[PDB]
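**Student:** A single structure is presented below for examination.
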Amino acid sequence: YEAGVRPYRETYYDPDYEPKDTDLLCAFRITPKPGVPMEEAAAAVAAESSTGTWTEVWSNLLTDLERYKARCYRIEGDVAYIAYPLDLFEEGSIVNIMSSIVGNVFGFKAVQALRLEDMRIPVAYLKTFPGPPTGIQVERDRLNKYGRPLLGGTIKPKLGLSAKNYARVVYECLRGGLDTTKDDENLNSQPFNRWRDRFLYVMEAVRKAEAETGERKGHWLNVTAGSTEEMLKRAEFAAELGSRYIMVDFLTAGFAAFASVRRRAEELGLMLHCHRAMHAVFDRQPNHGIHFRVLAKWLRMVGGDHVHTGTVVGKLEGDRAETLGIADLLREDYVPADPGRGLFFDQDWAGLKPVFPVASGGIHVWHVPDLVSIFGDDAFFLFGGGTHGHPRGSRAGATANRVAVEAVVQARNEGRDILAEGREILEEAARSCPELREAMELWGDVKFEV
Amino acid sequence: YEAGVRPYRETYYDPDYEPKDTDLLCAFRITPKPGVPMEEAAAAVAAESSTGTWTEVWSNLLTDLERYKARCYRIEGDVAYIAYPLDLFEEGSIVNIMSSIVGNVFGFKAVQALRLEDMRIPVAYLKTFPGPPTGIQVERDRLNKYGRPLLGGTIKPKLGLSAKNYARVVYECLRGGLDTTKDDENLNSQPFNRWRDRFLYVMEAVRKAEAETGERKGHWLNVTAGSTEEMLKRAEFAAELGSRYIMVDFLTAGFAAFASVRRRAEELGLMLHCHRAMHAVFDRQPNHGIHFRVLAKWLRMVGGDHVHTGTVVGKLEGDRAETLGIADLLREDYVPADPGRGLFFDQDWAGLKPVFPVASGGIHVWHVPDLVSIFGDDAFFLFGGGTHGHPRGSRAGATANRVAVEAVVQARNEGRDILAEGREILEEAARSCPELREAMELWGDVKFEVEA
Amino acid sequence: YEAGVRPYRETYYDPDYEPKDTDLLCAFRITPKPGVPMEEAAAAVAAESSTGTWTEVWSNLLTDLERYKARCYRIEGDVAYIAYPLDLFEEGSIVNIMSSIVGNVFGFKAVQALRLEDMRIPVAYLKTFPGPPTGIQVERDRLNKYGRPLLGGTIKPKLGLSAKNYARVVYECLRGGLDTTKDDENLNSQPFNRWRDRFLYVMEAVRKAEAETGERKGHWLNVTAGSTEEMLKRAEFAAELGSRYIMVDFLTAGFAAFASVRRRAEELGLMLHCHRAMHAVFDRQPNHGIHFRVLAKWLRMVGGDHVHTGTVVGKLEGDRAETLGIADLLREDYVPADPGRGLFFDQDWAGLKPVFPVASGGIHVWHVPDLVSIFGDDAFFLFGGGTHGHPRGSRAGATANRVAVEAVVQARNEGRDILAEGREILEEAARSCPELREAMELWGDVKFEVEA
Amino acid sequence: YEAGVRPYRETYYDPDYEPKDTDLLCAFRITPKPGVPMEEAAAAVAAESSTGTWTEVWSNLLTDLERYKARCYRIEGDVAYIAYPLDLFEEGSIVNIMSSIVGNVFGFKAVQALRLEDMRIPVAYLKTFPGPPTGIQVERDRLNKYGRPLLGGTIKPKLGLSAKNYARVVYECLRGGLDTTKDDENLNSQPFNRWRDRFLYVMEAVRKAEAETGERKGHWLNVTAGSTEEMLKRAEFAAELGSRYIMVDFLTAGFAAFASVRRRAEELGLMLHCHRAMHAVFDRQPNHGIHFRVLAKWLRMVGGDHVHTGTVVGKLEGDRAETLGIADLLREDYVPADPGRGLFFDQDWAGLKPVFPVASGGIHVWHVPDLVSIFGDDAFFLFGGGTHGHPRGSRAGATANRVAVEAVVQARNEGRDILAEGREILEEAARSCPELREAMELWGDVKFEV
Amino acid sequence: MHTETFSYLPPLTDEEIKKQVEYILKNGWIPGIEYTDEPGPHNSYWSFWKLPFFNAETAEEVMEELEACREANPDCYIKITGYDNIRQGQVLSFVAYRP
Ligand SMILES: O=C(O)[C@@](O)(COP(=O)(O)O)[C@H](O)[C@H](O)COP(=O)(O)O
Ligand SMILES: O=C(O)[C@@](O)(COP(=O)(O)O)[C@H](O)[C@H](O)COP(=O)(O)O
Ligand SMILES: O=C(O)[C@@](O)(COP(=O)(O)O)[C@H](O)[C@H](O)COP(=O)(O)O
Ligand SMILES: O=C(O)[C@@](O)(COP(=O)(O)O)[C@H](O)[C@H](O)COP(=O)(O)O
Ligand SMILES: [Mg+2]
Ligand SMILES: [Mg+2]
Ligand SMILES: [Mg+2]
Ligand SMILES: [Mg+2]
């Protein structure tokens with residue numbers, strides 16, 4: 001056989017290739033090492049993410065690489081489109097997808113920066129995944145809540161609160177009008193607050209607020225832990241206590257243990273809130289990493305009932321146009337490509353249940369008009385500081401946020417332009433709600449750059 | 001109480017703070033949003049990775065934030081030093097470390113770019129972790145191999161080979177002189193090659209090569225799978241077949257499932273090869289992300305018996321100075337700081353077992369003198385393409401690499417300068433090994449650029 | 001090598017050694033055999049509790065004994081200070097501590113008497129232990145009780161009562177004002193009173209008294225049994241019945257089984273009362289044994305929510321100064337040394353939860369002012385005989401003790417001197433509580449000798 | 001009813017009481033507080049170890065204390081004899097025995113020192129216990145070893161040896177003639193030597209030494225750990241490896257977890273070596289604690305296959321006369337009282353299997369005549385330092401100790417006085433064994449006081 | 001129905017209540033007021049009267065808040081609480097008013 005190094009382009013670049021509906025497609029934005037042309041850079045990504053390596057091997061002749069190789073089939077500027085045959089991937093495993101698509105190709109000398117912008121998951125591969133264990137429709141039916149965004153909020157301080165104090169804040173928030181509350185992503189089990197203590201007291205608070213308000217309540221109990229076994233143990237205790245919800249940091253815990261908990265959540269009847277902690281480590285910069293829209297697709301495939309999508313207007317970064325596309329990717333049955341929103345491919349969702357977007361981080365009452373305009377009804381708006389930072393505390397703060405959302409929803413439904421009239425609508429509602437007025441006055445000057 | 005928004009620095013910037021020996025310390029390279037002072041951006045990172053949020057909350061007064069808050073205690077250039085009290089972390093949980101230290105702070109509008117360079121793990125926290133299930137010393141004792149780097153290689157093509165063909169390549173490699181072989185990181189269970197089929201045939205090849213050579217062999221069977229339960233099932237089957245090894249992609253599987261596999265590997269008596277697939281998604285760029293030396297620390301804490309570290313001279317990026325620091329962090333009992341290698345803190349390893357560095361990716365016989373000089377004996381050198389790409393196949397390629405390593409080790413031990421005499425040492429050995437001569441002739445012009 | 005016997009001091013006495021913050025330190029009070037120098041006896045203890053034996057062995061040279069050996073680093077009077085490297089101990093295992101530190105060295109002919117006075121547990125080792133499953137703060141939050149010592153009492157006669165009679169006494173005590181009641185340490189399961197029968201009826205009495213008083217109640221159901229499996233079975237049944245508490249004799253059951261029960265108590269949501277039965281077999285004599293302050297440290301490390309500490313003024317021995325030190329060791333985050341209280345080292349508790357002191361044994365209403373002065377609010381006062389021995393029975397006795405505690409707490413909070421005005425405070429409360437007056441009249445002449 | 005404090009003596013001292021064969025009897029040596037007479041001190045021990053407390057309680061009248069009370073029935077000098085009714089104790093539980101007999105009575109102000117010298121366990125209570133899981137006879141049948149003491153030795157250094165080095169020393173000892181080797185009592189699982197590593201390598205050494213010598217071998221693998229579950233896990237791995245033996249520190253681990261492992265040992269077919277670590281903390285001093293003969297009885301009841309009994313002549317303290325009595329208590333079916341040996345009661349053993357005495361600690365070849373004279377054939381003699389401290393190492397040292405035992409056994413069986421001729425016998429054997437000669441020369445001047 | 005600490009003593013007067021508030025403030029703890037119409041073992045979360053008085057300086061400011069809570073909720077049990085954020089738990093809780 002013909003030993004020696006060959007160009008990646010020879011086998012792994014094929015501009016005549018026509019993608020199949022069963023192919024997995026990737027849009028990579030490539031920054032080649034100086035002097036490396038886009039075609040060889042793209043071919044290297046395709047080869048080293050599928051079947052090839054740096055020199056020709058005699059064992060290539062034992063198989064048919066034409067059937068299994070990935071192929072770059074199109075290049076537009078610094079964006080390369082690569083097609084991967086369906087047979088390359090393990091059914092039902094996001095872990096396997098990442099092991100191929102983002103396994104080694106981000107660290108090659110020949111490609112100095114690489115960003116996975118989008119991915120077309122073929123229906124035939126989607127069907128190997130179960131999707132969310134509950135889904136928006138079934139979740140709204142379990143909550144008996146229709147016609148408005150749902151209210152939530154992270155308990156603060158992030159860390160340092162004892163179990164009983166933690167449940168007091170929960171109680172105040174929920175009895176004041178929030179639908180849910182949640183553990184901070186980094187609140188697991190620690191010397192100042194052990195998880196069994198927190199789970200017990202918090203669920204007393206949840207049941208009490210539910211009896212007193214007549215509305216169904218929940219707290220997103222964080223099961224995130226150091227091992228899958230421990231996470232499953234914490235999920236079992238949540239169910240034993242009758243919690244409607246648990247919560248997992250799906251990126252820090254990891255997709256394999258995420259998959260384990262999602263299975264257990266469906267078996268136990270638990271709804272699954274998913275926090276995207278760590279995502280900004282690699283989805284922020286435009287030259288390198290993985291765009292959040294790709295993460296969002298993987299999240300819906302494994303099965304999360306909600307996932308954070310950003311706020312655009314809050315303290316953490318987020319683009320409005322890209323966020324509109326991500327919300328569609330999470331909630332719709334079919335999402336056509338749209339260059340204006342960074343959607344490189346049409347995405348059929350093959351009947352997988354939809355996921356709640358969750359907008360959280362540095363938002364207060366003045367943002368509600370923007371938030372309702374961006375996400376519509378099928379979303380959670382979380383107010384942590386925006387609830388407990390109310391001049392009169394968490395109960396008054398919860399009422400202010402619930403009133404604000406309902407007033408803006410009402411105005412929108414009557415035909416008013418809630419962006420043009422946003423302040424006016426809040427002022428109208430504030431005349432009948434002193435808690436809302438005080439929140440408006442406290443944070444009126446607190447703005448973040450968009 | 002006093003409601004309203006305050007600058008983060010009023011509570012979370014404290015340059016008078018003296019770090020305690022139990023504090024967890026971080027060195028963040030910060031690029032603030034234009035107009036945001038460095039002190040405020042560093043305070044934001046400190047606040048939002050420990051106790052604070054964007055506005056004052058009444059419930060802060062229910063606890064003692066002087067005890068629990070993280071503090072930026074030093075800003076030097078564009079590096080912020082931040083100290084985290086021990087009580088903030090869940091014992092034995094890398095997952096918890098990540099959820100605080102890198103959970104949200106990389107996406108704040110106030111901070112345009114953020115890169116975690118290093119982390120001082122306090123001894124008192126390290127003792128809550130079990131470390132490698134085997135460790136370099138026990139592993140060498142299991143293999144009965146002493147005094148040289150160990151040889152391995154990834155089976156190729158990455159995907160597309162049947163289980164029986166896969167086993168045939170393994171047999172040829174191991175009977176030719178490689179100590180080990182391995183599944184590619186992305187080979188798990190797929191239509192063309194299902195994991196039970198591969199495990200069964202491969203272990204026949206391992207036992208056969210072991211009996212024929214007289215040397216103990218192993219194959220790193222990849223148990224990486226879509227759920228923790230499936231991975232444990234594959235590890236159980238590997239142990240039932242008598243494999244000395246399994247393999248896990250610890251970052252793509254994730255740390256929580258990694259911890260589960262590490263526990264079961266110890267229970268079953270399996271040594272655990274860890275592939276760092278996905279690491280470059282986090283650690284490539286110097287302005288934003290997590291440097292690999294942090295991930296390597298977490299890897300040694302959870303417990304991996306080997307992890308890839310880079311080759312420096314191969315096809316994947318890796319700076320010599322940083323690679324040398326990473327090797328020390330994996331193998332030594334105590335590593336002093338050296339910002340020249342990116343080590344901003346000293347690291348005491350509190351008696352945890354050491355981890356084998358693994359050098360893999362685009363290397364061949366001509367690189368052996370450099371590799372031995374960089375890593376010394378306690379490392380694995382992996383030749384995938386550099387074995388099966390030999391003109392006469394995998395058996396011949398395997399012998400060439402084994403001979404190259406041994407000849408360089410012999411020369412070093414005699415006192416020769418294996419860098420100045422690298423070429424001549426290889427040529428001398430090639431006189432008694434035609435397999436080596438053909439390898440040297442085939443790849444003599446194959447080079448990658450290097451950075452000190 | 002050099003075979004033959006060498007004096008222990010040549011290798012294990014090193015007064016130049018500086019203890020590390022990770023070393024485990026011991027303070028041994030040594031009485032050498034006449035003719036054996038103090039240095040040699042202390043070296044023998046150091047040697048035979050770490051690495052050495054009675055003659056030189058070739059295998060010593062296979063390891064680095066400079067790293068692993070214990071060292072006597074200071075001899076002051078008849079106290080030998082010995083430092084043990086962290087690597088010598090198994091993480092999270094009190095059993096391992098005992099097997100080294102008190103395993104064999106108390107029976108050497110060279111040492112006529114040996115008493116372990118104190119032990120400095122290093123923070124890095126403490127973090128390998130889970131500590132109490134509940135802790136004082138969470139326990140008060142579970143009980144919804146704040147601002148006073150809590151009331152309890154042992155059901156009497158110790159043995160011989162049927163399960164239904166047992167439950168009747170519990171009902172009368174709890175409905176009369178006691179927060180808790182308890183099985184005697186030696187009541188487990190016996191022909192006259194089998195544990196399932198007792199558990200069932202007692203919990204009926206607990207629920208009834210709770211509903212009638214409006215105050216949360218508990219009974220410390222003793223799960224102490226002949227095997228670990230049996231103890232876990234009894235804890236499971238207590239949890240199935242809704243008990244807030246179980247009880248274990250942690251020294252007679254032993255630390256390994258104690259650890260198993262502590263883990264299950266947390267899993268089941270049970271608070272864990274720990275009785276120190278057998279402690280005086282080890283800790284009574286000042287020339288030989290283990291002082292209770294060492295056992296109390298181990299108890300807080302494994303995880304007990306309460307442990308008995310002595311009363312000082314009651315029927316069982318307990319010195320005031322030593323009792324005060326023990327209480328601090330159980331409840332505080334950091335305890336400085338004070339040899340006047342037998343604390344030879346400082347003790348950092350590394351954020352472990354605190355433990356309730358429990359004062360029990362031969363006490364009655366007249367002791368309440370002293371008990372409140374000694375312990376403050378965070379303690380349990382147990383009146384067994386002092387409740388059921390009231391002239392009108394257990395309900396009346398219970399009310400007398402509850403009233404006595406509350407009146408002394410009220411007086412203290414107002415600024416009165418509860419030691420100088422102890423008698424007058426009790427007499428004042430007795431004017432509004434006939435139960436107290438009858439208790440004071442019955443036992444006014446019942447006193448035990450006290451030692452400061 | 002008659003409330004108030006009464007003397008303990010009134011109810012709990014009964015010098016006319018005649019003990020029943022079903023009573024549990026205790027011999028306590030009491031040091032009363034000055035001015036407290038022996039009768040009230042003894043009555044206090046009896047009362048506070050059975051049914052009574054410090055003041056009269058109304059609930060005493062709900063039961064018949066005459067049936068349940070313990071009673072001091074005899075006082076001789078400073079020794080009080082107390083009888084406890086059978087109904088007071090939980091069947092099969094040493095833990096319950098200790099909780100009553102030694103629970104609180106050692107810490108009363110009224111009794112300044114207290115020593116439990118002996119205990120008569122009635123047959124009727126013995127039958128609630130299973131005794132050793134193997135026993136001397138069945139153990140000798142499993143080993144196929146008859147007619148001599150068995151040889152052993154602790155691996156040294158106590159701590160600090162890696163797993164593979166540990167197994168090398170084991171291999172050298174066993175192939176040189178030792179029947180067994182053992183983990184040090186404080187060797188469990190530690191950073192320098194983790195238990196799974198040690199168990200694997202050691203059993204390779206055991207199987208190799210067994211094949212090479214043709215004699216059955218064993219290593220006493222220490223399962224002692226921080227929890228019962230972990231100890232049981234280590235016992236299961238020992239069995240999986242085919243070990244004939246495991247080892248437990250029964251006092252430091254504790255009797256409850258001891259009972260758990262003994263049950264598991266019988267189920268798994270494992271023989272159970274028992275180390276008495278911690279015993280000297282409370283069995284050494286003549287004025288306070290628990291005599292080892294009592295501990296030895298409890299050990300045989302729960303079920304240990306061997307237990308250390310001391311050497312008398314070695315580095316740790318031990319009395320010859322008392323040790324002869326303890327050996328009988330562990331090995332015989334019936335043991336009559338003997339004041340010369342400190343045996344206060346006759347002890348019937350109700351058919352419970354016998355236990356191997358184990359003599360260990362600071363002994364070398366010169367002690368073998370004394371050791372054979374004290375214990376006879378049914379015992380283990382352990383040589384740790386006395387094996388690895390041989391000038392030529394562990395193999396030569398093992399051969400020397402095995403030869404010494406066999407030569408002394410042979411001489412005894414031929415009718416020679418092995419005490420009077422001890423040196424002469426060793427010198428005869430040394431003429432055909434250079435290893436023995438070198439051991440004799442090295443340690444000839446190493447003597448401990450008796 | 002008893003109400004835990006001090007419920008076995010005669011009901012406290014205004015002066016006695018104030019002396020307990022002074023005890024709380026003297027030791028640097030935070031006074032607070034809670035109330036409910038559903039006392040009992042099942043209720044671990046009484047209604048807050050405002051927030052804990054972190055800014056309180058005198059016992060008289062606390063007694064004033066107790067009277068305003070009583071006026072607005074005369075049908076409720078009302079208790080005084082003292083809070084320590086170092087130990088992070090209540091250091092005293094007693095009922096000051098009963099309906
Ligand atoms: O930890 C925090 O900051 C939060 O609890 C917000 O607290 P506030 O509600 O007090 O801002 C959320 O976890 C972030 O919004 C997550 O960011 P994203 O939603 O972008 O993943
Ligand atoms: O997939 C590959 O490319 C390899 O199998 C190398 O194959 P060759 O031996 O044929 O190059 C290894 O996974 C990489 O070296 C990993 O990169 P790192 O070691 O940097 O994690
Ligand atoms: O058995 C007993 O004597 C008790 O029930 C006390 O009963 P009274 O309340 O009737 O005296 C307790 O177990 C002892 O106080 C324990 O001693 P310590 O607390 O010193 O461990
Ligand atoms: O740790 C030790 O000292 C030993 O290993 C002896 O080592 P050498 O054989 O080197 O002396 C044994 O555990 C003791 O004999 C136990 O004492 P006892 O048998 O009296 O319980
Ligand atoms: Mg958060
Ligand atoms: Mg690979
Ligand atoms: Mg008792
Ligand atoms: Mg020993």
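FYI, nothing fancy with the structure tokens labels: chains A, B, ... in order, residues from 1 per chain, ligands from 1 as they appear.
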With a distance threshold of 9 Å and counting only C-alpha atoms, extract the residues of chain B near chain D and express them as an mmCIF file with N, CA and C atoms, in the first residue's frame.

**Tutor:**
data_model
loop_
_atom_site.group_PDB
_atom_site.id
_atom_site.type_symbol
_atom_site.label_atom_id
_atom_site.label_comp_id
_atom_site.auth_asym_id
_atom_site.auth_seq_id
_atom_site.Cartn_x
_atom_site.Cartn_y
_atom_site.Cartn_z
ATOM 1 N N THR B 134 -5.136 3.775 40.680
ATOM 2 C CA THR B 134 -3.923 2.967 40.628
ATOM 3 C C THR B 134 -2.682 3.805 40.898
ATOM 4 N N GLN B 137 3.106 4.272 40.400
ATOM 5 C CA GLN B 137 3.910 3.226 41.026
ATOM 6 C C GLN B 137 3.181 1.889 41.025
ATOM 7 N N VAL B 138 1.930 1.874 41.485
ATOM 8 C CA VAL B 138 1.173 0.627 41.493
ATOM 9 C C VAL B 138 0.950 0.127 40.072
ATOM 10 N N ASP B 141 3.994 -1.596 38.863
ATOM 11 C CA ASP B 141 4.033 -2.876 39.562
ATOM 12 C C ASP B 141 3.027 -3.863 38.972
ATOM 13 N N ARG B 142 1.870 -3.377 38.505
ATOM 14 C CA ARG B 142 0.909 -4.270 37.865
ATOM 15 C C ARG B 142 1.423 -4.757 36.517
ATOM 16 N N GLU B 266 -11.904 1.207 40.469
ATOM 17 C CA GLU B 266 -11.200 0.725 41.652
ATOM 18 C C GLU B 266 -11.860 -0.532 42.204
ATOM 19 N N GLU B 267 -13.195 -0.540 42.277
ATOM 20 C CA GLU B 267 -13.909 -1.710 42.780
ATOM 21 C C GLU B 267 -13.616 -2.945 41.938
ATOM 22 N N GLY B 269 -10.942 -3.388 39.968
ATOM 23 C CA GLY B 269 -9.533 -3.606 39.718
ATOM 24 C C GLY B 269 -9.056 -3.187 38.347
ATOM 25 N N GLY B 351 -0.155 13.891 49.307
ATOM 26 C CA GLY B 351 -0.014 12.454 49.243
ATOM 27 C C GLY B 351 -0.883 11.748 48.229
ATOM 28 N N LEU B 352 -1.629 12.477 47.400
ATOM 29 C CA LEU B 352 -2.392 11.831 46.336
ATOM 30 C C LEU B 352 -1.447 11.108 45.377
ATOM 31 N N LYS B 353 -1.920 9.993 44.825
ATOM 32 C CA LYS B 353 -1.116 9.230 43.883
ATOM 33 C C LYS B 353 -0.838 10.060 42.628
#

**Student:** Set the distance at 12 Å and use only C-alpha atoms: which residues neighbour residue 35 in chain A once local chain neighbours fewer than 4 positions away are removed? I'd like the list as a list in words.

**Tutor:**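 Contacts, with the query itself left out: residues 31, 39, 40, 41, 109, 110, 111 and 112 of chain A.
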
**Student:** Just the selected residues (N, CA and C atoms), exported as a short mmCIF file (atom, residue, chain, number, x, y, z; two decimals), in the first residue's frame, please.

**Tutor:**
data_model
loop_
_atom_site.label_atom_id
_atom_site.label_comp_id
_atom_site.auth_asym_id
_atom_site.auth_seq_id
_atom_site.Cartn_x
_atom_site.Cartn_y
_atom_site.Cartn_z
N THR A 31 -10.42 29.67 11.73
CA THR A 31 -9.28 30.59 11.64
C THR A 31 -8.04 29.74 11.41
N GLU A 39 -9.53 25.21 2.68
CA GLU A 39 -9.92 23.87 2.25
C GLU A 39 -9.18 22.79 3.04
N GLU A 40 -7.88 22.99 3.27
CA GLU A 40 -7.12 21.99 4.02
C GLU A 40 -7.45 22.07 5.51
N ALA A 41 -7.68 23.27 6.03
CA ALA A 41 -8.12 23.42 7.41
C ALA A 41 -9.46 22.71 7.62
N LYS A 109 -2.58 22.39 15.63
CA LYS A 109 -1.73 23.50 15.23
C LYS A 109 -2.21 24.14 13.93
N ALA A 110 -2.79 23.34 13.03
CA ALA A 110 -3.17 23.84 11.71
C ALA A 110 -4.38 24.76 11.75
N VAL A 111 -5.17 24.73 12.83
CA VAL A 111 -6.36 25.56 12.96
C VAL A 111 -6.24 26.30 14.28
N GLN A 112 -5.96 27.61 14.20
CA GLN A 112 -5.64 28.38 15.40
C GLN A 112 -6.87 28.81 16.18
#

**Student:** Could you pull the residues within 8 Å of residue 51 in chain A, counting only C-alpha atoms, minus those fewer than 5 positions along the same chain, as a count of residues only?

**Tutor:** 9

**Student:** Given a cut-off of 8 Å, what residues near ligand 8 show up using only C-alpha atoms and all ligand atoms, put as an MDAnalysis selection string?

**Tutor:** (chainID C and resid 104) or (chainID D and resid 154 158 183:186)

**Student:** Mind dumping a table of every chain A residue within 12 Å of ligand 5, with the nearest atom pair and its distance in Å to one decimal, using only C-alpha atoms and all ligand atoms, sorted by chain and rising number, as JSON lines?

**Tutor:**
{"residue": "A:152", "atom": "CA", "partner": "ligand 5", "partner_atom_place_in_ligand_line": "1 (Mg)", "distance": 11.9}
{"residue": "A:153", "atom": "CA", "partner": "ligand 5", "partner_atom_place_in_ligand_line": "1 (Mg)", "distance": 9.1}
{"residue": "A:154", "atom": "CA", "partner": "ligand 5", "partner_atom_place_in_ligand_line": "1 (Mg)", "distance": 6.1}
{"residue": "A:155", "atom": "CA", "partner": "ligand 5", "partner_atom_place_in_ligand_line": "1 (Mg)", "distance": 8.4}
{"residue": "A:156", "atom": "CA", "partner": "ligand 5", "partner_atom_place_in_ligand_line": "1 (Mg)", "distance": 8.7}
{"residue": "A:157", "atom": "CA", "partner": "ligand 5", "partner_atom_place_in_ligand_line": "1 (Mg)", "distance": 9.8}
{"residue": "A:158", "atom": "CA", "partner": "ligand 5", "partner_atom_place_in_ligand_line": "1 (Mg)", "distance": 6.9}
{"residue": "A:159", "atom": "CA", "partner": "ligand 5", "partner_atom_place_in_ligand_line": "1 (Mg)", "distance": 10.0}
{"residue": "A:181", "atom": "CA", "partner": "ligand 5", "partner_atom_place_in_ligand_line": "1 (Mg)", "distance": 11.2}
{"residue": "A:182", "atom": "CA", "partner": "ligand 5", "partner_atom_place_in_ligand_line": "1 (Mg)", "distance": 8.4}
{"residue": "A:183", "atom": "CA", "partner": "ligand 5", "partner_atom_place_in_ligand_line": "1 (Mg)", "distance": 7.3}
{"residue": "A:184", "atom": "CA", "partner": "ligand 5", "partner_atom_place_in_ligand_line": "1 (Mg)", "distance": 4.0}
{"residue": "A:185", "atom": "CA", "partner": "ligand 5", "partner_atom_place_in_ligand_line": "1 (Mg)", "distance": 4.7}
{"residue": "A:186", "atom": "CA", "partner": "ligand 5", "partner_atom_place_in_ligand_line": "1 (Mg)", "distance": 7.0}
{"residue": "A:187", "atom": "CA", "partner": "ligand 5", "partner_atom_place_in_ligand_line": "1 (Mg)", "distance": 8.5}
{"residue": "A:188", "atom": "CA", "partner": "ligand 5", "partner_atom_place_in_ligand_line": "1 (Mg)", "distance": 11.6}
{"residue": "A:220", "atom": "CA", "partner": "ligand 5", "partner_atom_place_in_ligand_line": "1 (Mg)", "distance": 11.5}
{"residue": "A:222", "atom": "CA", "partner": "ligand 5", "partner_atom_place_in_ligand_line": "1 (Mg)", "distance": 10.8}
{"residue": "A:247", "atom": "CA", "partner": "ligand 5", "partner_atom_place_in_ligand_line": "1 (Mg)", "distance": 11.5}
{"residue": "A:248", "atom": "CA", "partner": "ligand 5", "partner_atom_place_in_ligand_line": "1 (Mg)", "distance": 11.7}
{"residue": "A:249", "atom": "CA", "partner": "ligand 5", "partner_atom_place_in_ligand_line": "1 (Mg)", "distance": 10.2}
{"residue": "A:274", "atom": "CA", "partner": "ligand 5", "partner_atom_place_in_ligand_line": "1 (Mg)", "distance": 11.4}
{"residue": "A:275", "atom": "CA", "partner": "ligand 5", "partner_atom_place_in_ligand_line": "1 (Mg)", "distance": 8.2}
{"residue": "A:276", "atom": "CA", "partner": "ligand 5", "partner_atom_place_in_ligand_line": "1 (Mg)", "distance": 9.7}
{"residue": "A:277", "atom": "CA", "partner": "ligand 5", "partner_atom_place_in_ligand_line": "1 (Mg)", "distance": 8.3}
{"residue": "A:278", "atom": "CA", "partner": "ligand 5", "partner_atom_place_in_ligand_line": "1 (Mg)", "distance": 11.5}
{"residue": "A:308", "atom": "CA", "partner": "ligand 5", "partner_atom_place_in_ligand_line": "1 (Mg)", "distance": 10.5}
{"residue": "A:316", "atom": "CA", "partner": "ligand 5", "partner_atom_place_in_ligand_line": "1 (Mg)", "distance": 11.6}
{"residue": "A:359", "atom": "CA", "partner": "ligand 5", "partner_atom_place_in_ligand_line": "1 (Mg)", "distance": 11.7}
{"residue": "A:360", "atom": "CA", "partner": "ligand 5", "partner_atom_place_in_ligand_line": "1 (Mg)", "distance": 8.6}
{"residue": "A:361", "atom": "CA", "partner": "ligand 5", "partner_atom_place_in_ligand_line": "1 (Mg)", "distance": 8.1}
{"residue": "A:362", "atom": "CA", "partner": "ligand 5", "partner_atom_place_in_ligand_line": "1 (Mg)", "distance": 10.7}
{"residue": "A:382", "atom": "CA", "partner": "ligand 5", "partner_atom_place_in_ligand_line": "1 (Mg)", "distance": 10.1}
{"residue": "A:383", "atom": "CA", "partner": "ligand 5", "partner_atom_place_in_ligand_line": "1 (Mg)", "distance": 10.6}
{"residue": "A:384", "atom": "CA", "partner": "ligand 5", "partner_atom_place_in_ligand_line": "1 (Mg)", "distance": 8.5}
{"residue": "A:385", "atom": "CA", "partner": "ligand 5", "partner_atom_place_in_ligand_line": "1 (Mg)", "distance": 10.5}
